[PDB]
Amino acid sequence: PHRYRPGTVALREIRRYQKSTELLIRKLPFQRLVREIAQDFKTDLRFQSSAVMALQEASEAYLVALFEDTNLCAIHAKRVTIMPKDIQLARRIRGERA
Amino acid sequence: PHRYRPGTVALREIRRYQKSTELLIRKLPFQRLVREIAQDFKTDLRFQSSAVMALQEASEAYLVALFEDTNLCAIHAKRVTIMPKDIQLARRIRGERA
Amino acid sequence: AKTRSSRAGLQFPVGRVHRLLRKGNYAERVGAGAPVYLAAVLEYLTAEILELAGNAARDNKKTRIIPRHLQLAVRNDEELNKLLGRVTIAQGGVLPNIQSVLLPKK
Amino acid sequence: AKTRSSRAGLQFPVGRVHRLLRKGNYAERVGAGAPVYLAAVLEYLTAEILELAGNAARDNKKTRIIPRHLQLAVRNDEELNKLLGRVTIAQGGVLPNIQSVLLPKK
Amino acid sequence: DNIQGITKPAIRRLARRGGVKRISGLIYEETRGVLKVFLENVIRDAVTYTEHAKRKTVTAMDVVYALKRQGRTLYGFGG
Amino acid sequence: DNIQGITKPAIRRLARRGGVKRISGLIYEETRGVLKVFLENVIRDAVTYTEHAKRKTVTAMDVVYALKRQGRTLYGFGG
Amino acid sequence: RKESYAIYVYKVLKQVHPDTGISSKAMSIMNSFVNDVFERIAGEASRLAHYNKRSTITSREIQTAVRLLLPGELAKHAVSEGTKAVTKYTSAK
Amino acid sequence: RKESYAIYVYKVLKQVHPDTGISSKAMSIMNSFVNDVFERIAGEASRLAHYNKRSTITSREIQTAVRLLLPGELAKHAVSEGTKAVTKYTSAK
DNA sequence: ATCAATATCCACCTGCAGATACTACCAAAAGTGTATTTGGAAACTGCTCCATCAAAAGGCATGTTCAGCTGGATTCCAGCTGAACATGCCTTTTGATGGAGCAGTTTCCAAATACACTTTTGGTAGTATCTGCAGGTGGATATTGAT
DNA sequence: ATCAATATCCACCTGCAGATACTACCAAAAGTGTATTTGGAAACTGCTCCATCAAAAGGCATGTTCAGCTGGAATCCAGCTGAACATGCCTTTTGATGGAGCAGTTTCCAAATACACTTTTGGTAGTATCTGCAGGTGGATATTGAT
C-alpha cells in the first residue's frame with residue numbers, strides 16, 4: 001500500500017492552488033450566505049449575478065491574504081500549523097479589532 | 001545597599017510614561033534629523049516651528065503604536081523581550097514592508 | 001433677519017457650512033437643507049466629544065479640558081475610537097495598559 | 001481639424017479626459033494643459049502594465065493577456081505593486097510562494 | 001445557517017492558496033466568523049448604496065463602491 | 001550622525017509608553033531605521049507641497065497634508 | 001481672515017459643561033476634528049451624487065453619507081439630530 | 001451609451017506587443033485601472049488646488065499630484081511623458 | 001512574619017503663563033428681495049435580466065480509520081539585558097538682533113469661459129465567420145518513499 | 001543505490017466560447033471661431049517669525065560593574081491532524097418561462113442660481129485684569145524585597 005508522508009500532499013496542494021486563479025468556495029453555497037446576510041439587513045433585495053461574484057472575488061482575496069499573514073504569525077511562533085490566535089494576532093495588528 | 005529586581009523599574013517606567021503626554025525624544029536632536037532628511041529632497045529649506053513639532057508628534061505617536069504591535073508579536077512568541085523580528089513582522093502585516 | 005442657524009435651532013453656523021460646501025467643489029448645486037443637516041451633525045458630534053472630554057477632566061480633578069482629556073474620552077469610547085481610528089491627537093498620550101503577562105508573578 | 005490627442009502626440013483621448021475632469025467637479029476651472037498632461041500619464045501607465053503583462057503571457061506560452069497575467073506583472077513589479085497595494089485584480093490569484101520552513105528535509 | 005456552506009475543504013483550499021501547510025481544527029470556525037464579519041460590513045454598505053438610489057436590486061457597482069469605501073478596491077466589475 | 005542623535009534612552013522611553021518591558025540590544029538600531037523611513041516618506045510629501053506653493057519654508061499645514069495622505073491624520077496643527 | 005469653529009465649539013461646550021474651560025491646544029484639536037468630519041461627510045455625499053448622476057447635494061446625500069461614515073449609535077443619533085434641524089428649519093418664517 | 005478606454009488600451013497594446021491580444025475580462029481590469037488612477041490623480045490635484053486657494057487645475061497641479069501618487073521610478077517617467085506632451089501640444093495650432 | 005529602603009500619594013501653597021473680559025474698527029459674510037433658469041420628481045413603459053422550475057450527473061463533501069510527527073510541557077544554563085552609579089557632554093532656555101521670506105496689495109494680460117456651428121466619432125444593434133486554448137488522451141519522465 | 005507506486009510533464013488534438021470582421025446608424029463628443037471676463041503671475045515690500053548667538057544650568061546621556069532571570073537548546077510523548085478510502089449527495093449545467101424592476105423619453109414646477117442692496121458678524125488688535133494648575137515642600141503610607 002502506497003502512502004505519501006504527512007505534509008507532502010499539503011505542499012502539492014499549495015503549488016496547485018497558488019498556480020490557479022479559480023474561486024475556491026462553492027458558488028451556490030456562497031450565494032445563499034450573501035442572500036442570508038443581506039436579508040437580515042433589508043428584506044426583498046435582489047442581486048445582479050455579477051454583484052454576487054464581485055462579493056465572492058473580494059471575500060476570497062481577503063481570506064487568502066489573511067491566511068498569508070496568519071501563516072507568518074504561526075511561523076513567528078516556531079509553528080507550521082496555523083491556529084486561531086494567529087488569525088487574531090494578524091487582525092489585531094491589521095487594525096481590524098484593536 | 002538597596003536594589004530593585006530586574007523588571008520592577010521597567011514596569012514602573014511603563015506606568016509613568018503611559019500617564020504623561022510629553023515628547024520623549026529630545027527636540028534639538030530631532031530637529032537636526034528632520035532638517036538633514038529634508039536637505040535630500042530640496043536644499044536650503046526653512047521650517048516653521050510648528051512644522052517640526054507636527055513631525056515630532058506624528059513620529060512619536062507612530063513609534064509608540066508600533067511598539068505596542070511589536071510587543072504583541074514578542075508575546076505571541078511566548079517572549080517578554082521585543083526583538084527586530086518582532087518589529088519586522090508587525091510592519092510586514094501592517095503593509096509597510098511586504 | 002433671523003439667521004438660519006437660529007431658525008433650525010443650532011449653535012453651528014449654517015451659513016458658513018453652506019458657503020463651505022459650495023467652495024469645496026462637492027457638487028454643482030447644494031440643496032438648502034444640506035448645510036442645515038450637516039451643521040447639526042457637526043454640532044451633535046462636537047457635543048458628544050466635549051461631554052466625554054468634560055467627564056474625563058472632572059475625573060482628573062481639573063476644570064479645563066486639555067488634549068489628554070480628548071484622547072481619554074475618544075480612546076475609551078468604542079464608537080468615537082473607531083470614527084477616529086486613524087487620527088492622532090497631538091499631546092494626547094496613550095491609555096494606561098500593561099499586558100498581563102508582563103505583571104509580576106506574585 | 002486635428003484632434004487634441006493628435007496635437008499632443010498621444011493615443012489616449014485628450015478631449016475625453018478634459019471632459020471627465022470638468023464633470024468630476026475637481027475645481028471650478030480646468031486649464032487646457034491639465035488633460036493633455038493627465039492623458040499622457042494614463043497612457044504611460046497602461047503601457048507600463050501592458051508591457052509587463054504581455055511578458056507574463058509569453059512566459060506562460062500564451063498569446064492572450066488574461067487577468068492572471070495582469071496580476072503577475074503587477075505583483076512582480078515593486079512599483080506597480082505599491083501603486084496598486086490596496087487593489088484586488090479579479091481572477092488574478094497570487095504569486096507562487098512557499099515559506100522556507102515549510103519545505104521538507106534539509 | 002448558510003455559513004456552514006463555507007466547508008472545511010473550501011477553507012483548507014483558501015489556506016493553501018495563502019501558502020498554509022498545516023491547519024488546527026479550530027481554524028474552520030474562526031474563519032467562518034471572520035468571513036461573516038467581512039461580508040456583513042461590505043453588504044451593509046453595498047445595500048446602503050442600493051437604498052439611496054431607491055433600487056431593490058444590489059448591483060455590481062454598489063458592491064464595488066462599498067469595497068472602495070473600505071479600502072478594498074476591486075478591479076473587474078465596472079470597478 | 002544625526003539618526004544616532006535619537007538615543008537609546010529616548011527609544012526606551014518610547015517603548016515604555018508602548019507598554020514594552022524588556023528590550024533586545026538590537027532594537028535601538030532597528031528603530032532608528034524605521035523612524036528614518038517614516039520621516040523620509042512624510043517629509044518627501046511635505047516638501048513636495050512646499051515646492052508646489054513656491055515656498056522655501058515647510059509649514060505646519062504642509063506636514064499635516066503630508067500625514068493625511070499617508071493615512072496618518074494629525075489633529076492640533078491647523079485644519 | 002482666518003476662520004475657525006472655535007466660537008461655536010465654545011458655545012456647545014457651555015451647554016454640556018457650563019463650568020468647564022478648554023485649552024487653546026484643545027480648541028485647536030476640536031477645530032481639526034470638525035474640519036475632518038466635514039470633509040469626510042461632504043466627500044462621501046459628493047461621491048453619492050456623482051454615482052447616481054446627480055448635480056445636487058441635498059440633505060438626503062448628507063444623511064446616507066452619515067450612515068456610511070459613523071458607527072452604529074453615533075449614526076442613529078446624528079441622523080436624529082439632522083432630521084430634527086431640517087424639520088425645525090422648514091417650520092419657521 | 002457607456003464609455004470605456006478599451007480602444008485606446010488596445011492601441012497601446014499593439015505598440016508594445018504587436019502579436020498579443022487581450023481577453024475582455026482583462027480589458028475590463030485595464031479599464032478599471034485607468035479610471036482608478038484618473039480619479040486618484042484628479043483627486044490629489046483637486047486638494048492641491050484648494051490648499052493653495054487656486055480655483056484652476058493646470059498641468060502643474062497634475063504634475064505635483066503625479067509626484068505625490070506614484071513611486072519613485074514610475075513618477076520620473078510619467079512626469080516626462082506629461083511634460084513632453086504638454087510642450088508638444090503647446091507648440092502646435 | 002518581621003522590617004528597612006523607596007516610591008507614591010495626598011493636602012496645601014504660590015507664582016504666572018495662558019485664559020479672559022471690554023472697546024473699537026471693518027471687510028467679508030449672511031440675510032433679503034426678484035427675475036430667470038433648471039434639475040430631477042412624475043408618469044408611462046420598453047425591455048433587460050433576475051428568480052425560479054427542471055432533469056441528469058458526477059464532482060466533490062462527509063465521515064471514518066490510522067499512525068506520523070508536531071505542539072506542548074519540562075528542564076537546564078549560558079549570557080544578555082536591567083539596575084545602579086560615577087562622569088561629563090550637550091540640550092535647553094531666552095534675550096535679542098538681523099533679515100529671510102511669508103503674506104498683503106496693485107497691475108494687467110494670457111488663458112479660460114460662454115456661445116454658435118459644423119464635422120467627427122465611439123458606442124451600439126445586427127449578423128457572421130475565424131481562433132486561442134481549455135480539457136481529454138496516451139505515454140515518457142520525474143518525484144517520493146519503502147528497503 | 002535499487003525499486004515501485006504516483007504524480008507530473010507535454011505533445012497532439014479537437015470542440016467552441018469567446019474574440020473578431022463589417023456594414024449601418026447617430027447622438028453625443030470634439031473641434032473651429034469669436035467676443036467677453038478674469039485668475040493669478042509679477043513686481044514692490046511691510047512685518048511676522050525663523051535661524052543664530054551667547055551662556056551659565058544641570059539634566060540627562062553614556063560608560064562600567066554585577067548578577068538575575070529570560071531565551072533558546074534539547075528531551076520526551078500524548079494525541080492532533082494529514083492521507084487515503086468508501087459512499088452518495090448536492091452543486092453544476094443546460095435551458096426555457098414569467099415578470100419584477102431597472103431604465104429610456106417626455107412633461108413641468110418646486111427649488112437653485114445670479115444679482116443687487118442692506119445689514120449683521122466674526123476675526124484682528126490693543127490694552128488690562130483674572131485664575132487654573134503646574135511645580136515645590138511635607139508627612140503619610142503603600143510597595144518592594146532582604147531575612
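Excluded from the calculations below are hydrogen atoms, water molecules and symmetry mates; all remaining heavy atoms, backbone and side chain alike, are included. A, B, ... follow the sequence lines: proteins, then strands. Residue 1 opens every chain.
For B/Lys19, a side-chain nitrogen or oxygen approaches OP1 or OP2 of I/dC9 to under 4.0 Å. Taking only side-chain nitrogens and oxygens, C/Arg19 never comes nearer than 4.0 Å to OP1 or OP2 of I/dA28. For the pair A/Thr8 and J/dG82, the criterion of a side-chain N or O lying under 4.0 Å from OP1 or OP2 is not met. Contact annotation: F/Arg22 does not reach the phosphate of J/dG68 (side-chain N/O to OP1 or OP2, under 4.0 Å). One finds no side-chain N or O of E/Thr57 lying less than 4.0 angstrom from the OP1 or OP2 phosphate oxygen of I/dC50. When the side-chain nitrogen and oxygen atoms of H/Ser4 are compared with OP1 and OP2 of I/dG123, none of them lie within a distance under 4.0 Å. Dashed line: the shortest gap from a side-chain N or O of A/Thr81 to OP1 or OP2 of I/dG71 is under 4.0 Å. Distances shorter than 4.0 Å separate some side-chain N or O of F/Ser24 from OP1 or OP2 on I/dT81. Contact annotation: H/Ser24 side-chain N/O to J/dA19 OP1/OP2 distance is under 4.0 Å. The side chain of H/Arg54 contributes an N or O atom lying less than 4.0 Å from OP1 or OP2 of J/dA41. Residue A/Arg79 places none of its side-chain N or O atoms closer than 4.0 Å to OP1 or OP2 of I/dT70. Using a 4.0 Å cut-off, no side-chain N or O of A/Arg35 falls inside it from OP1 or OP2 of I/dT52. Taking only side-chain nitrogens and oxygens, D/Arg7 never comes nearer than 4.0 Å to OP1 or OP2 of J/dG31. Between F/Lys54 and J/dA41 there is a side-chain N or O to OP1 or OP2 distance below 4.0 Å.
When heavy atoms are screened at a 4.0 angstrom cut-off, D/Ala32 is found touching the sugar-phosphate backbone but no base atom. Here D/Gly15 lies in heavy-atom contact (under 4.0 Å) with sugar-phosphate atoms only. Note on C/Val14: nothing from the nucleic acid sits closer than 4.0 angstrom, heavy atoms only. Contacts of E/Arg13 with the nucleic acid, taken as non-hydrogen atoms under 4.0 Å apart, involve only primed sugar atoms and P, OP1 or OP2. A/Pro1 comes within 4.0 angstrom of no nucleic acid atom, judged by non-hydrogen atoms across all strands. D/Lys105 comes within 4.0 angstrom of no nucleic acid atom, judged by non-hydrogen atoms across all strands. Heavy atoms of A/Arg32 sit under 4.0 angstrom from primed sugar atoms or phosphate atoms, though from no base atom. Using a 4.0 Å heavy-atom distance criterion, G/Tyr5 is classed as making no nucleic acid contact. Heavy atoms of C/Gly31 sit under 4.0 angstrom from primed sugar atoms or phosphate atoms, though from no base atom. Among the protein residues, B/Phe30 comes within range of no part of the nucleic acid, since none of its heavy atoms lies under 4.0 Å from any strand. Among the heavy atoms of the strands lying under 4.0 Å from D/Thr3 are primed sugar atoms or P, OP1, OP2 only; no base atom is included.
Whole-Å rounding puts the F/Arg55 CZ to J/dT48 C1' distance at 15 Å. Rounding to whole angstrom units, CD1 of residue H/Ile7 and P of J/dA30 are separated by 10 Å. Straight-line distance from the CG atom of A/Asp44 to the P atom of I/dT52: 11 Å, rounded to whole Å. One atom, CD1 of H/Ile22, and another, P of I/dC133, lie 13 Å apart when rounded to the nearest Å. Rounded to whole Å, the distance from CE on H/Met27 to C1' on I/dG123 is 14 Å. With rounding to whole Å, D/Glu28 atom CD is found 19 Å from J/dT37 atom P.
Residues C/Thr63 and G/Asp19 are not in side-chain contact: their nearest non-hydrogen atoms beyond the backbone lie 4.5 Å or more apart. Residues H/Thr20 and D/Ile65 are in side-chain contact: their nearest non-hydrogen atoms beyond the backbone lie under 4.5 Å apart. Residues B/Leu11 and F/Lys21 form a side-chain contact, since some pair of their non-hydrogen atoms from C-beta on lies under 4.5 Å apart. Side-chain contact between D/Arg58 and H/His17 is present, with at least one heavy-atom pair separated by less than 4.5 Å. For the pair D/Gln11 and H/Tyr8, the minimum side-chain heavy-atom distance is 4.5 Å or more.
Comparing I/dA125 with J/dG104, their P atoms are spaced 10 Å from each other, to the whole Å. Atom name P, nucleotides J/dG135 and J/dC60: the rounded distance is 12 Å, in whole Å. I/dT106 and I/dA27 have their P atoms separated by 12 Å, given to the nearest Å. As rounded to the nearest Å, I/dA43 and I/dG122 have P atoms that lie 41 Å from one another.
The listed nucleotides are J/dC69, I/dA83, I/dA61; the one nearest the side chain of B/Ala10 is I/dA83. You'll find that the side chain of D/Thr63 is closest to I/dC133, out of I/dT62, J/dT91, I/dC133. Comparing J/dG122, I/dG31, J/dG39 by their nearest atom to the side chain of H/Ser55 picks out J/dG39. Out of J/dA83, J/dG123, J/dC50, the shortest distance to the side chain of B/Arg46 is found at J/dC50. Residue B/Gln48 has its side chain nearest to J/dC50 when only I/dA61, J/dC50, J/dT92 are considered. Of all nucleotides listed (J/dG39, I/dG122, I/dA83), J/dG39 comes nearest to the side chain of H/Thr56. Taking the side chain of D/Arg64 as heavy atoms from C-beta on, and the options J/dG123, I/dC102, I/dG132, the nearest nucleotide is I/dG132. When the nucleotides I/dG145, J/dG122, I/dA83 are ranked by their closest atom to the side chain of A/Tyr4, I/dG145 comes out on top. For A/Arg5, counting side-chain heavy atoms from C-beta on, the closest listed nucleotide (I/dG82, I/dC69, I/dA84) is I/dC69.
Between C/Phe12 and G/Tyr5, the ring-plane angle classifies as parallel under the 30° and 60° cut-offs.
Interface remark: the B/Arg3 side chain does not form any donor-acceptor pair with the I/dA84 base, using a distance-only criterion of under 3.5 Å.
Mapped onto DNA chain J by nearest heavy atom, C/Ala1 and E/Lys56 fall at different nucleotides, with E/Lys56 at the one closer to the 5' end. Comparing B/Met83 and D/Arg29 along DNA chain J, the residue whose closest nucleotide (by nearest heavy atom) sits nearer the 5' end is D/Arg29.
Without hydrogens or angle criteria, C/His18 side chain to C/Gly15 main chain gives no donor-acceptor distance under 3.5 Å. Distance alone, capped at 3.5 Å, is enough to place a donor-acceptor pair between the E/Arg55 side chain and the E/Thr57 backbone.
Between the side chains of G/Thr56 and C/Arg29, no donor-acceptor pair of N or O atoms lies under 3.5 Å. Side chain to side chain, G/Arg54 and G/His50 fail the donor-acceptor criterion of an N or O pair below 3.5 Å.
Base pairing of J/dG138 is made with I/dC10, judged by Watson-Crick or G-U wobble geometry with both donor-acceptor distances under 3.5 Å. The base-pairing partner of J/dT20, taking Watson-Crick or G-U wobble contacts with both distances under 3.5 Å, is I/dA128. Using the Watson-Crick or G-U wobble rule with both distances under 3.5 Å, I/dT143 pairs with J/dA5. Across all strands shown, I/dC117 forms a Watson-Crick or G-U wobble pair with J/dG31, both key distances being under 3.5 Å. Base-pair partner of I/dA42: J/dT106 (Watson-Crick or G-U wobble, both distances under 3.5 Å). Searching all strands for a Watson-Crick or G-U wobble partner of J/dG82 with both distances below 3.5 Å returns I/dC66.
Nucleotides I/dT92 and J/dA56 fail the pairing criterion: they make neither a Watson-Crick nor a G-U wobble pair with both donor-acceptor distances under 3.5 Å.
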